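Participant: Submitted below is the structure of interest, expressed as structure tokens.
6 protein chains.
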Amino acid sequence: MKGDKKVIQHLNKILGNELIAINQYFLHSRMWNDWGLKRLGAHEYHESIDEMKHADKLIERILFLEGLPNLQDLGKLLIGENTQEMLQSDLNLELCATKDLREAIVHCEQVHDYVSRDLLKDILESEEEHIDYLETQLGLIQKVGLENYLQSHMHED
Amino acid sequence: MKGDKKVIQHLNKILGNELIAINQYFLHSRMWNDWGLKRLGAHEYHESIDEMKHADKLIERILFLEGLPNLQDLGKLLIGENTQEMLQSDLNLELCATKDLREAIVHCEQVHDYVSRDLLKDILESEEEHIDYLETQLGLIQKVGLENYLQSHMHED
Amino acid sequence: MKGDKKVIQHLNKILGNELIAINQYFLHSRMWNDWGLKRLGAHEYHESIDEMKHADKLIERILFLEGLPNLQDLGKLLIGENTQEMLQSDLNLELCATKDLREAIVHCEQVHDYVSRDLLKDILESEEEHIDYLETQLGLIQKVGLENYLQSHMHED
Amino acid sequence: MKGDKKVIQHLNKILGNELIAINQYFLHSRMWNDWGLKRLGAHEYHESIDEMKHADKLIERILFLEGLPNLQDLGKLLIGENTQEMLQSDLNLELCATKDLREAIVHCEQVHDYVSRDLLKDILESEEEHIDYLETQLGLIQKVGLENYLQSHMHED
Amino acid sequence: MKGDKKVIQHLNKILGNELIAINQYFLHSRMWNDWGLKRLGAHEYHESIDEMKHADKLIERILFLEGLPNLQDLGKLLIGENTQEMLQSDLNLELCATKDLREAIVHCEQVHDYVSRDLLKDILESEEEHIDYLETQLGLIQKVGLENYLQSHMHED
Amino acid sequence: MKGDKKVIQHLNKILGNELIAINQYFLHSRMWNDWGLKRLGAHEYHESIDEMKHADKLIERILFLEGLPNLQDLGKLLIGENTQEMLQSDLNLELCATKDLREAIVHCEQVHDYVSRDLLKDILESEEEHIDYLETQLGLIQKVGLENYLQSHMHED
Ligand code: HEM
Ligand code: HEM
Ligand code: HEM
Ligand SMILES: [K+]
Ligand SMILES: [K+]
Ligand SMILES: [K+]
Ligand code: NA
Ligand code: NA
Ligand code: NA
Ligand code: NA
Ligand code: NA
Ligand code: NA
Ligand code: NA
Ligand code: NA
Ligand code: NA
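Chains as they are written, first to last, in the entry's author numbering: chain A, 1 to 157; chain B, 1 to 157; chain A', 1 to 157; chain B', 1 to 157; chain A'', 1 to 157; chain B'', 1 to 157. A prime marks a further copy of an entry chain.
Structure follows, in structure tokens:
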């Protein structure tokens with residue numbers, strides 16, 4: 001097989017994180033929709049779709065490298081019970097995800113798998129953009145108050 | 001006459017429920033417009049129109065089955081005095097309506113009037129969607145506060 | 001409250017007449033459709049819709065004047081059993097309606113509610129147009145014969 | 001084979017009913033065209049085509065369930081000698097068809113073949129619409145007289 | 001009646017052959033579709049439709065000639081169990097059909113029914129085109145092999 | 001909570017089945033793409049997307065009924081090693097899925113949750129269409145041979 005065994009392990013680890021995020025964000029989206037917070041529901045749906053696209057790219061890369069993609073192992077979804085908790089749970093997930101991404105990029109560089117590194121760097125940039133969004137939302141709750149913040153997310157853009 | 005007599009009684013009971021809802025929702029709509037809560041007035045107008053369309057389908061079915069549509073009996077309207085009472089009154093009415101719809105479907109199934117059952121199931125789905133809307137609105141009043149909730153319904157979409 | 005109490009009583013009386021006409025004409029429409037007299041069914045549907053629009057305007061005016069619109073009390077629907085009887089019943093209803101309208105306009109003029117008077121005059125003109133239609137139809141039954149008259153109303157325009 | 005054997009027997013019974021209706025309605029259509037009653041000929045042609053489409057759906061379902069569609073058995077056509085007999089013969093056929101459809105739906109429900117039930121319910125709704133049309137036509141012959149009724153069906157819509 | 005009695009018998013015989021072909025080809029079409037041989041299924045559907053159009057023309061001619069079209073008697077459908085057998089069965093049917101057509105044309109010429117002859121000649125040309133198609137398909141099975149032939153008819157044109 | 005507790009258990013069981021199918025079909029799709037069987041990869045991708053849409057509808061219904069959607073439990077994926085095993089594994093999964101769907105519909109009917117029944121019937125129809133596709137593909141491998149079947153799925157439609 002052409003792929004480095006540890007690269008493939010790293011890519012399967014990142015894929016596992018994507019699978020958690022897909023489901024966590026999809027459920028959070030539909031919870032916000034059920035509550036009538038449609039702007040949050042829509043944004044979170046798009047985050048879930050973005051993670052689905054990252055998972056696809058990882059699966060394709062693992063197969064090219066002649067590894068076996070692991071879609072069987074689903075780690076812990078941490079579903080919040082209110083908007084603040086859901087935003088914070090998403091942020092905790094992305095803090096974990098970006099740490100694993102950096103560790104994977106280090107190893108790809110070490111064994112000269114520069115195309116896998118580039119793939120992972122693109123995912124990392126996407127996850128840092130999500131962190132920016134999440135930190136901003138939690139900050140806005142403090143600046144405008146929770147009731148106003150939720151009011152501002154009732155109606156879709 | 002081709003229709004089952006108890007089917008026709010059930011269809012007239014549902015029709016009676018639709019007639020209450022048409023008038024209650026239409027008056028609630030115009031009360032919201034009078035108060036300047038135009039987004040609530042618009043939504044409630046459309047709920048009234050939807051009930052008018054259900055009444056039409058029931059009337060057509062009753063006549064096909066050679067029954068007499070009952071447009072004469074108008075049950076009690078429970079008109080609320082403020083937004084929270086109006087939403088809750090609509091919700092109470094829909095909970096009664098869906099109970100009667102389920103009882104009518106049971107009977108249609110028993111006598112093999114499958115086309116009447118299908119008509120009633122479509123109405124039931126519409127009324128459950130209205131229950132979803134109403135529970136969501138009452139929840140938003142709690143989450144964003146009454147003053148913000150009303151503010152968000154001043155201007156039309 | 002800004003409205004004259006007796007004006008509001010008159011407007012609620014007219015509204016009550018509109019509510020009868022809405023339902024009577026809607027059922028007559030669907031009866032003609034069930035019988036295959038689609039041109040009559042279509043015309044009568046449009047009369048029912050026109051009365052719905054008059055009811056809306058009355059409700060809005062009553063609320064502006066700080067009265068309570070009465071959508072609870074539904075008077076007697078007189079449903080005909082054949083085309084001649086249905087046309088005559090509609091005409092009897094409009095004869096009653098136009099008398100109440102004239103009495104309401106007299107009172108509005110007396111207390112200087114000229115905007116309510118104008119609203120009622122517009123409804124009155126609409127109801128006199130319906131009387132013209134109804135008298136014409138009953139006259140055509142005599143001039144062309146009942147069978148030809150019904151034949152001419154089988155197919156929609 | 002995946003299909004329930006009695007479900008397949010019921011679907012073939014309905015298919016047999018569709019085959020009678022296709023041929024009876026097609027011949028009635030062309031008889032009306034021969035007589036110059038082109039509006040009746042056109043309507044009846046479309047009824048024949050609708051039955052052809054139902055037969056197609058039944059054939060497809062039977063093959064999916066691994067049964068043998070029965071296009072070989074053609075039951076009795078009851079061809080009328082004049083317009084009133086042809087309409088009544090079509091009505092008699094539809095009353096038989098809807099009885100068999102209800103019996104088939106009962107059995108599908110009992111063995112949990114819910115997709116076959118749904119197919120049959122859609123056919124049933126179509127056949128009840130045809131019953132509505134036929135009863136309406138026979139009623140119009142009484143209301144406008146036979147000669148006027150036929151006159152109204154000379155020219156196409 | 002204006003028509004020659006034996007001409008009408010011949011036209012009813014041809015009509016009987018069309019009714020067999022309609023059903024045989026329709027079922028063969030849907031069998032090929034069930035098997036995923038969609039190009040064969042589509043071609044055979046169009047053959048069934050073409051026979052339906054021939055049946056229509058025969059019915060119209062028989063009625064003009066003041067005969068009674070026979071849509072009651074359905075002869076034997078010979079449904080094949082695999083592609084080779086279905087193609088050969090269709091060919092056997094067309095060999096029978098074209099013989100009956102030639103015999104009918106002889107009789108039409110004899111009694112000077114030249115318009116019926118022309119109608120039948122047009123049907124005959126259509127059936128010879130179908131024979132050409134069928135012989136060609138059976139020849140291609142021999143030239144390219146059965147597996148390749150079926151492969152080439154999986155996907156629609 | 002408005003929902004029947006066993007209805008919610010059934011809806012979560014179906015949701016669990018959808019989650020297995022999403023992942024199994026997505027990986028099978030990308031395995032086919034890796035092997036250059038792009039038409040199979042495309043078809044299987046669309047099957048995965050369809051299951052995603054069913055999962056969405058189930059999640060929305062569970063939340064409306066005030067249950068907790070279970071996106072955490074992922075049952076066993078049975079990933080095939082070649083095309084014939086992958087198709088058969090998908091078929092085995094769909095046979096399990098339709099058994100569970102029928103059991104869920106039985107329960108919904110018993111407790112009068114007719115809107116949940118209708119949702120499940122629509123999913124069931126989709127899964128039976130997939131069974132039709134899968135049985136057809138396995139049949140084509142037998143009819144055209146494995147090498148031809150795979151050749152026919154190299155290039156996209
Ligand atoms: C038997 C009771 C009623 C029935 C069956 C009925 C039926 C209908 C139908 C079928 C429409 C057309 C809806 C569409 O296709 O969009 C309509 C429109 C409407 N209805 Fe009713 N209606 C009823 C009573 C009322 C009442 C009591 C009111 C007011 C107090 C009302 C107000 C209206 C208005 C404002 C419209 C829209 C008219 C327009 O097109 O401008 N309806 N109704
Ligand atoms: C097994 C019995 C039959 C089946 C399943 C069948 C099926 C069909 C279908 C699916 C269509 C297309 C309809 C559409 O999508 O609009 C059609 C068209 C048609 N059928 Fe049939 N048919 C059957 C028998 C017959 C018979 C016995 C006749 C005449 C005696 C007939 C006359 C026609 C005609 C004239 C058309 C329209 C053709 C055109 O497009 O010009 N069919 N049929
Ligand atoms: C809870 C599980 C999932 C749900 C509810 C879900 C839901 C959805 C929905 C609703 C769509 C839009 C479909 C449409 O309207 O066409 C979608 C698209 C998509 N999904 Fe999922 N999904 C799930 C898991 C996954 C997984 C695990 C993957 C990949 C391993 C995936 C890959 C994709 C892809 C590639 C798209 C198309 C994205 C695009 O528009 O470019 N999904 N998903
Ligand atoms: K605010
Ligand atoms: K006349
Ligand atoms: K080949
Ligand atoms: Na930020
Ligand atoms: Na005001
Ligand atoms: Na809700
Ligand atoms: Na006049
Ligand atoms: Na003629
Ligand atoms: Na009727
Ligand atoms: Na040839
Ligand atoms: Na490759
Ligand atoms: Na199949």
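Even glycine gets a Cβ: it sits at the ideal position worked out from N, Cα and C.
1. Please name the residues in the region 107–119 of chain B' whose beta-carbon is closer than 7 Å to at least one beta-carbon of chain B'', in chain order.
2. Do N23 (chain B') and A97 (chain B') come within 7 Å of each other at the CB atom, strictly closer than that value?
3. DSSP state of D73 (chain B'), grouped into three classes?
4. For the structure I just gave you, are there three or more beta carbon pairs, one from the region 67–74 of chain B'' and one from the region 121–128 of chain A'', closer than 8 Å?
5. Does the Cβ of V144 (chain B') have 16 or more other Cβ atoms within 10 Å, making it buried, or fewer, making it exposed?
6. Three-state secondary structure (DSSP) at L140 (chain A)?
7. Comparing C-alpha positions only, which one of A'':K13, A'':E129 and A'':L150 sits nearest to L91 (chain A'')?
8. Measuring from each Cβ to the nearest heavy atom of ligand 15, keep the ones under 6 Å and list them in chain order.
9. Which residues in chain A' have a C-beta closer than 8 Å to the C-beta of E47 (chain B)? List them in chain order.
10. State the DSSP-derived secondary structure class of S152 (chain A''), mapped to helix, strand or coil.
11. Whole angstroms is fine: what's the gap from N12 (chain A')'s alpha carbon to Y114 (chain A')'s?
12. Closer than 7 Å, CB to CB, is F64 (chain B) near chain B' or not?
13. Are the beta-carbon atoms of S48 (chain A'') and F26 (chain A'') separated by less than 7 Å?
14. Would a check of beta-carbon distances place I59 (chain A') closer than 7 Å to chain B?
15. Can you give me the Cβ contacts of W35 (chain B') inside the same chain, cut-off strictly under 7 Å, excluding the 5 residues immediately before and after it?
16. Residues of chain B with CB under 7 Å from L150 (chain A), in chain order?
17. Hey, does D34 (chain B) have any beta-carbon neighbour from chain A' nearer than 7 Å?
18. Let me know the secondary structure DSSP gives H112 (chain A) once reduced to three states.
19. Please report the Cβ distance between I14 (chain B') and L77 (chain B'), rounded to the nearest whole angstrom; I am assuming they are in contact, meaning their Cβ atoms lie under 8 Å.
20. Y133 (chain A'') to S126 (chain A''), Cα distance in whole Å?
21. For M31 (chain A''), tell me which candidate among B':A21, B':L37 and B':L68 has the shortest Cα-Cα distance.
22. Taking CB distances under 7 Å as the criterion, tell me whether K121 (chain B) reaches chain B''.
23. Relative to the C-alpha of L87 (chain A''), which candidate in A'':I20, A'':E44, A'':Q9 and A'':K6 has its C-alpha closest?
24. Using a cut-off of 8 Å between C-beta atoms, extract the partners of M154 (chain A) located in chain B.
25. Against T136 (chain B), what residues of chain A qualify as contacts under a CB-to-CB distance less than 8 Å, listed in chain order?
26. Buried or exposed: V106 (chain A'), going by 16 or more other Cβ atoms within 10 Å of its Cβ?
27. Considering only the alpha carbon of each residue, which of A'':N33, A'':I8 and A'':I20 lies closest to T136 (chain B'')?
28. Using the three-state DSSP reduction, which class does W35 (chain B') fall into: helix, strand or coil?
29. By DSSP, does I14 (chain A'') sit in helix, in strand, or in coil?
30. For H112 (chain A''), count neighbouring C-beta atoms within 10 Å of its own C-beta (all shown protein chains included) and say buried if the count is 16 or more, exposed if not.
31. In whole angstroms, give me the CA-to-CA distance for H46 (chain A') and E60 (chain B).
32. Quick check on the burial criterion: 16 or more other C-beta atoms within 10 angstroms. Buried or exposed for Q110 (chain B'')?
33. State yes or no: is the C-beta of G3 (chain B'') within less than 7 Å of the C-beta of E103 (chain B'')?
34. May I ask you to report which of helix, strand or coil DSSP gives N92 (chain A'')?
35. Pick from A':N148, A':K53, A':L146 and A':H28: whose alpha carbon is nearest that of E81 (chain A')?
Facilitator: Reading it off the structure:
1. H112, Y114, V115 and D118
2. no
3. coil
4. no
5. Residue burial annotation: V144 (chain B') is buried, with at least 16 other C-beta atoms found within 10 angstroms of its C-beta.
6. In the structure shown, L140 (chain A) sits in a helix (DSSP, three-state: H, G or I).
7. That would be A'':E129, whose Cα lies nearest to the Cα of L91 (chain A'').
8. A'':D34, B'':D132, B'':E135 and B'':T136
9. Result: empty, since nearest Cβ-Cβ is about 15 Å, beyond 8 Å.
10. coil
11. Distance from the CA of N12 (chain A') to the CA of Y114 (chain A'), rounded to the nearest whole angstrom, comes to 17 Å.
12. True, the Cβ-Cβ gap to chain B' drops below 7 Å.
13. yes
14. Interface residue, yes.
15. none
16. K143 and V144
17. At least one CB of chain A' lies nearer than 7 Å to the CB of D34 (chain B).
18. coil
19. Actually they are not in contact, since the Cβ atoms of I14 (chain B') and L77 (chain B') sit about 17 Å apart, beyond 8 Å.
20. 11 Å
21. B':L68
22. yes
23. A'':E44
24. Within chain B, the residues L140, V144 and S152 have their CB atoms less than 8 Å from the CB of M154 (chain A), given in chain order.
25. Simply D34, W35 and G36.
26. With fewer than 16 other Cβ atoms within 10 Å, it is exposed.
27. A'':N33
28. Three-state result, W35 (chain B'): coil.
29. Under the three-state reduction of DSSP output, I14 (chain A'') falls in the helix class.
30. exposed
31. Near 17 Å, if we compare the C-alpha coordinates of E60 (chain B) and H46 (chain A').
32. That one is exposed.
33. no
34. helix
35. A':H28
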